[PDB]
**Q** 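Got a structure here, written out as structure tokens. Questions coming.
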Amino acid sequence: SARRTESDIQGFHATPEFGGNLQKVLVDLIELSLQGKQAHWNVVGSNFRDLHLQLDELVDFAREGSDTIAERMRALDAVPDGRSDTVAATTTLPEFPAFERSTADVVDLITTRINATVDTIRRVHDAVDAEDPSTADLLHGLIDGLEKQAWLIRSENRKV
Amino acid sequence: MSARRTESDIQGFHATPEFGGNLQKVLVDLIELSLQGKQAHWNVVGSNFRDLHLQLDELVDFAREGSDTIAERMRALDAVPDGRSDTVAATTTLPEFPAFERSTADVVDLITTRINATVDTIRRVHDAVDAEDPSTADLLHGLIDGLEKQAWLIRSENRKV
Amino acid sequence: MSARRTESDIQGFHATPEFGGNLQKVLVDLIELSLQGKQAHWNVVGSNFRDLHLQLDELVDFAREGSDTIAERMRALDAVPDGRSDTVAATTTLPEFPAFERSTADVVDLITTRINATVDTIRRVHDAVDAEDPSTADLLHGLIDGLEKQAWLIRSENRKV
Amino acid sequence: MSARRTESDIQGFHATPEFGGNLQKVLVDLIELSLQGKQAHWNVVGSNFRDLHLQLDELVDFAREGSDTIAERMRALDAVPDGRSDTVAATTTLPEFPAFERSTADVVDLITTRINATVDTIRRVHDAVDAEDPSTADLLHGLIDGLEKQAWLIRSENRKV
Amino acid sequence: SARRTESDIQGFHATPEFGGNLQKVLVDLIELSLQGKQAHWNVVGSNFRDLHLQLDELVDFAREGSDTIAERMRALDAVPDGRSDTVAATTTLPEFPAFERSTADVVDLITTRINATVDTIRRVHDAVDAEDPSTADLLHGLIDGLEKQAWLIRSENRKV
Amino acid sequence: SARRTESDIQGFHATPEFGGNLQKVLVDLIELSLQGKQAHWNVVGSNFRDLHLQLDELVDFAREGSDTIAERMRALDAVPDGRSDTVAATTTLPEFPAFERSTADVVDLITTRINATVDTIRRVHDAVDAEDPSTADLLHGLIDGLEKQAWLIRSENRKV
Amino acid sequence: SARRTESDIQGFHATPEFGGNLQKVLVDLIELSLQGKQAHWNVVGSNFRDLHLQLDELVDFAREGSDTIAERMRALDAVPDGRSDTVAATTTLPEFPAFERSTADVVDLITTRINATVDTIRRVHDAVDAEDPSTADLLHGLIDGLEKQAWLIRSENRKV
Amino acid sequence: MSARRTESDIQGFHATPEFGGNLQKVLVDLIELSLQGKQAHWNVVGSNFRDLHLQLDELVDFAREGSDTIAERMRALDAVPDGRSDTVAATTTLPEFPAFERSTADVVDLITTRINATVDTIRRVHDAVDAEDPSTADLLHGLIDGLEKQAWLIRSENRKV
Amino acid sequence: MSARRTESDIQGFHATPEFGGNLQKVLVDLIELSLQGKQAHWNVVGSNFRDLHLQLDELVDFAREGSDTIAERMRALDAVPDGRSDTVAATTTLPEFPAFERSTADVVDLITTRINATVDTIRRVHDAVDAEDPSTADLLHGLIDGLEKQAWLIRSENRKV
Amino acid sequence: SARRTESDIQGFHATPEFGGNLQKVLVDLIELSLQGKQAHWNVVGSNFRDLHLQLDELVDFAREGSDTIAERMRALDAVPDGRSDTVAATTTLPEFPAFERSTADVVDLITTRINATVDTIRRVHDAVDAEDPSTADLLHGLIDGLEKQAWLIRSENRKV
Amino acid sequence: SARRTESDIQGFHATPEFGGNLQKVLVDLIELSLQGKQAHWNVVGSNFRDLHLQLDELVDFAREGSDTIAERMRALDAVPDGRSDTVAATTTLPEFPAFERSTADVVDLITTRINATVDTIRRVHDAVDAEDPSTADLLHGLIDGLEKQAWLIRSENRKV
Amino acid sequence: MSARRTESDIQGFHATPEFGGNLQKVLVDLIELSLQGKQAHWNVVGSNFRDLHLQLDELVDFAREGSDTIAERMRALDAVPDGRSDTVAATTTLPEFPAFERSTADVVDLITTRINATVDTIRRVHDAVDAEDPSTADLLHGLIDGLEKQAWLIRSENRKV
Ligand SMILES: [Cl-]
Ligand SMILES: [Cl-]
Ligand SMILES: [Cl-]
Ligand SMILES: [Cl-]
Ligand SMILES: [Fe+2]
Ligand SMILES: [Fe+2]
Ligand SMILES: [Fe+2]
Ligand SMILES: [Fe+2]
Ligand SMILES: [Fe+2]
Ligand SMILES: [Fe+2]
Ligand SMILES: [Fe+2]
Ligand SMILES: [Fe+2]
Ligand SMILES: [Fe+2]
Ligand SMILES: [Fe+2]
Ligand SMILES: [Fe+2]
Ligand SMILES: [Fe+2]
Ligand SMILES: [Mg+2]
Ligand SMILES: [Mg+2]
Ligand SMILES: [Mg+2]
Ligand SMILES: [Mg+2]
């Protein structure tokens, strides 16, 4: 037998900094989600359908992404905060307009916010990775996914 | 071509500035509910945590589908929705969801209360909506039935009999 | 927190003693129908037995979903349903389904008649329900549409033209 | 057998000669729309052809389900529908769909206009239908919501902002 | 060729007793179903959701169980009777209450009725088996299934 | 390298005759569809359910059949016309009645129209095949399918 | 400790007689399958559709049964024979008529075949159960399945 | 204006006694193939047993689907199929499958030549069928390259280097 | 009129210490079989590796589903199962599986005799179980012919001619 | 009686020429597949999404076609060659540009590739049909499938 | 040109040490699986159902993990040992109690087992990552998966 | 209060010419692997043909999914992939697959070393990629252990004892 004795083995808990870094990624993921739906509903113009559908896909990814980070925070004993007031006050994403926007302006607007969201993740990467690699892999999924969304969307307005 | 209309441009039903405002109120409260639902979903702890952790997600799925439905019903009727965080926070009627871990019992009351508030908004607005466009009044009936069932499924956890 | 309500306990819509009674009548007749549907499903014999053996099950599936919907709509509105056998038998309005094997033709008339009776109950009660809670009136519309289609799909078997 | 009805033959709700006529108008326009939808689906060409080629099929699927629903709602209520080509052409209110290849832009206007006309018929008829049978008024609400969403999803392609 | 001659080969038909034994199992299966839905709708209290869902599963099993016995009776030339009046008058299950019941009382109430339903099946087992083994296997499915439901539900109120 | 030089390789385009032959098959497929739904809704009498369901299957086949021919016409540069007025004026199918019809009369009525629809396809077969075999295979699917529908339906009224 | 120390541990071997009894079951299941498809093809007349469909369901159950019985023989190292000649020379089922048959006749003809098939299983039951009870459970499923099928089909001609 | 035929009773395509006899030829070998395929499926034993056991069942499904298509194609064209065990044994052209357990290598060889035998039948009947009804030939094409693909998947087990 | 029992607390069927001990015997060998099956699944190497790799997993699924059914059947009958690794190793009757890579031929032989060992256990316990509770025996029947079918599918790889 | 008495009955063997004609088809199908993915990746500009998706559908049909043609050759004992070098050295399709290309250009470039691919099949049709009509049916599916794909894509640039 | 000219190109081989570290992971994953089912069976008391279900989910993730780790060892030519004796003699997890345990105790007991299981993976992480980073990604999934499972279960007893 | 960035045009992550060149290296070998995998899939012949035929297709799916992920990952990062047949043939590092039919044993050896060759490429590029973008390395990790698992499933067919 190589069995341990301990009857109260605890789990890995994150430092205050780690939790704060994930909280930063959470509010931006939620803000991207909210802006994503906004764009999804108010976009109009050439190739409306394509963008209308792609935006919902980006939202699906953002929502499952935010849930993953939030639950990951819970796992490491951190407490996430995704309430509306908190998101609006702490998000680093540029405010999205409130009215109808042409497909061309939606492509640029959202592409910018996806990138803003990816910059947050790339900014906290090295710190969350140094403390917990396993969490860094989740961020890699977010980065790859979001950046792929950016590509799919931005390509609509490309030169040649 | 006997009964055929010769019109070349027949526009559809446009919603009034009042009707749109009434769906906007519904929209924002459905979104607040969804945000508070996820928050509760994440931070709830204590006795029968799993049952509530799972029920809260179903609540959110319904609220999310509800908000998409209403918002698109606005677009259909030529209205323009606003589901941005700043707006939701500044215009929602739902009392703020507390922060941190809350026990299962508290989460049952907090969420039950906020679901009723949301249904409240829909009920208050119903008559004005129905009298203008019955079709949208049906979308509201679906949201009322779905939400109350949700509140029942949740509040029952704390019933003492 | 500008538009946010400060209430800590906002209760939901409660159904009246009359409203609940009106859904209870619907509940019991949907259950009788389901029990008579299975009975017919089992004991029907004769020409085109399969078609009716199968249609009767679809009828039962719809009645069962209907009864669950109404009963839960009562719970949602703070009412308490009674779908026990003793109660159903003693309070249903549907004429008793005969015993033993009944031919396809007879089963078509017997079941058609009992489906209409069930819809009857729903129609009689509709106005009182609608005037109090339109949302539930929609649940009834679904049951009326579904049930009449059912009766049509069944009664057509015996039409002579 | 206390509450049980002794009736041996209880007939169901029969629709009036007016009600049936009002659903027939809806039926034929839903069919014209479906035929024009396929025609557009086939002959549309130009910028963003795929998006519209696909959206048009969803439009047709909805119109087809709509027409089947209404026609069967007539059968249920003892009415007899007529969805034959001669009748549809001779009694539809939708302006004729042009022939040959039409660009994406034109197809967006042509189809948007014809969807509104179809919804028109449903709206004009709604009050008469509702006052007689609310249950069928709900089927119409579904068709109105579905169709307007359809028109929005389509017309947005040509919006300039 | 080893082919039979007979142009009117009949099937196995049950004796009056056999049919009566299956009829006994049928009315109790239907009564359990009705009581199951009743509990499913009116239960309240701690762990409401778990019980609310488990009860629907027990009903699903009871309904498909009653249909199996009824159709099996039809196969052997017996005529089942599952009408409301018959069920209420012939069922051996203890009446279930009509109002809201705490989860703790629902666990005990229903556990008792499932057992009552299983006792009926165990009571007619040896007789239906002696006459037709194939039918006994259907009863074994009912017994195993129902008793498994009893276990899943009753465990909620266990000591330690 | 065996690579071609041409930067503007065109596709196979049909002659006016070919397109006209497919147009003939299209309007009859659509008319069968419309008549199919009509029968589906207004049929009554013995074995109503069986016919009610079979007719919807025949319609499903006719609709996907009409879409195939129409899109095939588009592929070869032809322009289909399936508008109501055109169908009613060019179809060769005998008008279907407007009221309730007994199942026995629906079987005969529709069987006749399916055959009428198959005769059109068999009539243009050799010409479309001589010009484009690949299109003839689509017609073979229609023929096999439709004729199978005819069999399934007509069998209801058979002698012995 | 409780581990057995031999290296080749054999399983349960079926006696040649046991294999023979299963062979009698297999052969009738296969014959019934073949006859069912024949009826499925040539059935004709009133309520054609229902029968045409029920017969296919009967064949599916029969085909599944024969594969189950054949493999059960293999499991116990017996060797099945499902070849056309053996089936025609040893099946106990009455030959099936050769042309189009009305729905009324088909119902009567098939019910008899099913009963004859169920009969062989019942005749062989006890000898099988005495050697291997587990195999008897399979026979039980066939009996319940087949007899149910007999009920669904024979009912078309029941007059009460 | 009007291209509609008058005619009350339009006739379907009827196969000639010769045509029917050719399909009966294909049908009978397909069924035999299926019987022999299950036989092999059960008694195959040896190196790479599983792959063979599984592939044989996939062969039987195809032959079964094929025989049903052929038998019904005869029916649609007013011909009468005969798939009874006696007929199949007395008229099939396939060499009969051996009686007991067979090694994987022998099963591959055996089944491979019985498939070749089956498609050979279809090829022998191809031209006569095609001439009278090309639509039936397409079905033949399907069986042919569907069965030859199977022959390849099974026979390749024994091919060397 | 009334056949209802009065009794507040009707009791469930309780297995005897002997019965429970027999199922614990079946449980323990099933689990061991599963462990050994995954071992073989991972380390099998050689001619026809894939077929073996795959079939072994299908064997493990069955043994896992089987052990869960047996363990829960004990629970339902008030018995307490023990599937801990220590217990399984100290009480299983199956000869242990060798330590490293094993050729396909040896895996077939090895696993085949361990399955035979497992069902042998079930057969040894069959009669005693059947006598006390035939419903539990049916489950035994299922494991028996389910495991023997597996033994056939795997062992046949090594059988010659 | 009707049973054939030889033991090795061979199937239909493809002539070396037949194999060569199919080889010409395979190679262009594979080239088209490779080019389609290249366009799928680098396509860029207005209505990016639709094209990006349609191109994948085109590749799926192409990949399925090449596997069908390659295996049809195997079935008839011919031996396919789908290796990169052979495909590049014998494909008849024009080379595909190397960088990002606009949606307008991609539509034109792909339509040409598809037509060239359909062309080879049409050129080889008769020689194939003369030897094995069944294989010609496969070619027909490719032609209908590919030409349909050409229609869906070329329409993006149609101006009327 | 860029093609490599040797014929047997070997892949990455795992060192005996690397294999040993994965072996430590496998053994605890398997032990946890076995303990999870044991709890799944004997858990009893308040909120029985939720736990009973969550424990099964925990076992599924564990079983999938052990098969992933065992095969990852094979991929790199290491040889796993998941036999009962080896698992009992080398697992580092505390033994699991032998009888019925309350839901409260089970939650505490399992959380500890999961943490101990996650612990071994974390202890072995760096040594594994240094040799094969790709394998470290698998370890990361286990850590995120297992720790999430620990969170979902431990929360039942959290008091705040 | 406000953490929102102002900036109208926030930029995305751009790969370096070096990084892009490394992924182009992985892409080109993945595609070649796929081409060679289908080749083997079609021409493999001999003992245990089926298992190989099937596993090879499963290898091709993975390599195809892999090349698409790599090519798009380049696109997302502003790099331009080249998967044309000419490029692949001129730059792939995999030894080319032989021309005709190949025995199962030789296919196992052949494909096994070409997979090793492919992952070797990915491993050679791993560190440089990881340093510039770890998120792209995770994708590499996926291809690596996904391809090595395949190498194991195929190569094990030839391993002895
Ligand atoms: Cl799309
Ligand atoms: Cl749950
Ligand atoms: Cl049916
Ligand atoms: Cl396989
Ligand atoms: Fe979640
Ligand atoms: Fe939406
Ligand atoms: Fe419910
Ligand atoms: Fe319909
Ligand atoms: Fe039933
Ligand atoms: Fe289409
Ligand atoms: Fe089988
Ligand atoms: Fe069939
Ligand atoms: Fe379990
Ligand atoms: Fe393939
Ligand atoms: Fe595995
Ligand atoms: Fe892609
Ligand atoms: Mg719970
Ligand atoms: Mg019928
Ligand atoms: Mg588009
Ligand atoms: Mg194999």
Side-chain angles (χ1 to χ4, degrees), chain D residues 42, chain F residues 12-33 36 58-82 87 90-93 113-151, chain H residues 10-15 19 69 72-73 76-77 126 129-142, chain J residues 121-122 125 129 133-134 136-148 151:
Chain D
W42 299 321
Chain F
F12 183 105
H13 55 240
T15 60
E17 173 185 356
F18 198 84
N21 282 322
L22 297 186
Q23 169 67 194
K24 285 173 184 159
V25 175
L26 174 69
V27 305
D28 281 357
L29 283 169
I30 298 175
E31 181 58 11
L32 185 63
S33 304
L58 162 76
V59 171
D60 283 322
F61 186 84
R63 282 170 175 174
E64 48 209 11
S66 65
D67 185 72
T68 294
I69 298 300
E71 305 199 315
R72 177 51 178 167
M73 286 173 79
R74 298 298 303 129
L76 285 350
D77 220 57
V79 184
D81 178 22
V87 178
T90 59
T91 184
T92 70
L93 301 216
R113 288 138 184 66
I114 288 169
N115 295 340
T117 306
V118 165
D119 198 46
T120 292
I121 302 170
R122 278 172 180 282
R123 244 144 51 214
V124 295
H125 174 78
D126 290 358
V128 341
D129 192 30
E131 178 165 334
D132 187 60
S134 303
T135 297
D137 282 13
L138 299 178
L139 300 170
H140 297 163
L142 297 182
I143 294 175
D144 290 317
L146 289 181
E147 296 191 322
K148 175 180 184 179
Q149 284 294 148
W151 159 57
Chain H
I10 296 172
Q11 295 265 274
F13 186 82
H14 295 80
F19 184 88
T69 298
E72 288 174 15
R73 183 52 184 167
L77 298 190
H126 175 85
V129 168
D130 193 23
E132 171 167 341
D133 192 74
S135 286
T136 300
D138 278 15
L139 296 178
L140 298 191
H141 305 324
Chain J
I121 303 179
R122 281 176 176 289
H125 181 279
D129 196 18
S134 302
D137 265 35
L138 300 179
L139 299 188
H140 295 164
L142 293 185
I143 295 178
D144 283 4
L146 291 179
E147 299 190 318
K148 169 173 164 60
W151 164 51

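Because only heavy atoms are used, hydrogens play no part in the values below, and waters and symmetry mates are left out as well, while side chains stay in. Chain letters run A, B, ... following the sequence lines, proteins first, then strands; residues in each count from 1.
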**Q** Spell out, as yes or no, whether a donor-acceptor pair under 3.5 Å connects the side chain of F:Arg74 to the backbone of D:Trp42.
**A**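 It does hold such a pair.
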**Q** Residues in side-chain contact (heavy atoms from CB on, under 4.5 Å) with H:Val129, at least two apart?
**A**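 H:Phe19, H:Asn22, H:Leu23, H:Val125, H:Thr136, H:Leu140.
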**Q** If you compare all heavy atoms of F:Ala116 against all heavy atoms of F:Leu93, which two are closest, and at what distance to 0.1 Å?
**A** CB-CD2, 3.5 Å
**Q** CZ/F:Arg113 to CG/F:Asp28 distance, rounded to the nearest 0.5 angstrom?
**A**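 Answer for the CZ-CG pair, F:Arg113 versus F:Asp28, is 12.0 Å.
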**Q** Please list, chain by chain and in numerical order, all residues satisfying salt bridge (charged side-chain N to carboxylate O under 4.0 Å, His left out) with F:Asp144, sequence neighbours excluded.
**A** H:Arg73
**Q** Supply the atom-to-atom distance F:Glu31 CD to F:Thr91 OG1, rounded to the nearest 0.5 angstrom.
**A**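 Going from the CD atom of F:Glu31 to the OG1 atom of F:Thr91 covers 4.5 Å.
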**Q** For F:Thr68, give me all partners under side-chain hydrogen bond (donor to acceptor under 3.5 Å, both in side chains), at least two apart in sequence or on another chain.
**A**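 Applying side-chain hydrogen bond (donor to acceptor under 3.5 Å, both in side chains) to F:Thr68 gives none.
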**Q** Regarding F:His13 and F:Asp77, do their side chains bring together a donor and an acceptor under 3.5 Å, going by distance alone?
**A**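 Checked: F:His13/F:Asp77 side chains show no N/O donor-acceptor pair below 3.5 Å.
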**Q** Identify the two heavy atoms, one from F:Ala78 and one from F:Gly19, that lie closest to each other, and give their separation to 0.1 Å.
**A** CB-CA, 4.3 Å
**Q** Once side-chain contact (heavy atoms from CB on, under 4.5 Å) is applied, do any residues pair with J:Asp129, and if so which ones, sequence neighbours excluded?
**A** J:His125, J:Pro133, J:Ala136
**Q** Can you name the nearest heavy-atom pair linking F:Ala62 to F:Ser33, along with the distance?
**A** CB-OG, 3.1 Å
**Q** Partners of F:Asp81 by salt bridge (charged side-chain N to carboxylate O under 4.0 Å, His left out), sequence neighbours excluded?
**A** F:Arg83
**Q** Using salt bridge (charged side-chain N to carboxylate O under 4.0 Å, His left out) as the criterion, list what pairs up with F:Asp119, not counting sequence neighbours.
**A**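 In terms of salt bridge (charged side-chain N to carboxylate O under 4.0 Å, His left out), with neighbours along the sequence ignored, F:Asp119 is linked to F:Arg123, H:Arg5.
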**Q** Verify side chain to side chain contact (heavy atoms under 4.5 Å, CB included) between F:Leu146 and F:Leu58, making sure each step is shown before the conclusion.
**A** CA-CA 8 Å; F:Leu146 289 181; F:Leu58 162 76; 3.9 Å; yes
**Q** With sequence neighbours left out, write down each residue that passes side-chain hydrogen bond (donor to acceptor under 3.5 Å, both in side chains) with F:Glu64, or none if nothing qualifies.
**A** none
**Q** Between CD1 of F:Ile114 and CG of F:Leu32, what distance do you get to the nearest 0.5 Å?
**A** 6.0 Å
**Q** Scan for salt bridge (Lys or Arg N to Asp or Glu O under 4.0 Å) pairs involving residues 12-24 of chain F, sequence neighbours excluded, and state none if there are none.
**A**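 Of all non-adjacent pairs touching residues 12-24 of chain F, none passes salt bridge (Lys or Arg N to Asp or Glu O under 4.0 Å).
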**Q** Looking only at heavy atoms, which two atoms of F:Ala150 and F:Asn115 are closest? And how far apart?
**A**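 Where F:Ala150 meets F:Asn115 most closely, the heavy atoms are CB-OD1, 3.9 Å.
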**Q** Using the side-chain hydrogen bond (donor to acceptor under 3.5 Å, both in side chains) criterion, which residues pair with F:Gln23? Sequence neighbours excluded.
**A**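 F:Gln23 satisfies side-chain hydrogen bond (donor to acceptor under 3.5 Å, both in side chains) with no other residue.
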**Q** Less than 4.5 Å apart, side chain to side chain, heavy atoms only: is that true for F:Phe61 and F:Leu142?
**A**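 Of all side-chain heavy-atom pairs linking F:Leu142 with F:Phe61, at least one is under 4.5 Å.
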**Q** I'd like to know if the side chain of F:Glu131 reaches the main chain of F:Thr15, judged simply by a donor and an acceptor atom lying under 3.5 Å from each other, with no hydrogens or angles considered.
**A** yes
**Q** Going by side-chain contact (heavy atoms from CB on, under 4.5 Å), name the residues that satisfy it together with F:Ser66, two or more places apart in sequence or in a different chain.
**A**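 Residues passing side-chain contact (heavy atoms from CB on, under 4.5 Å) with F:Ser66: F:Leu26, F:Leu29, F:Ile30.
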**Q** Go through the structure and list residues passing salt bridge (charged side-chain N to carboxylate O under 4.0 Å, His left out) with F:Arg122, not counting sequence neighbours.
**A**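 Listed in chain order: F:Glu147, H:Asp133.
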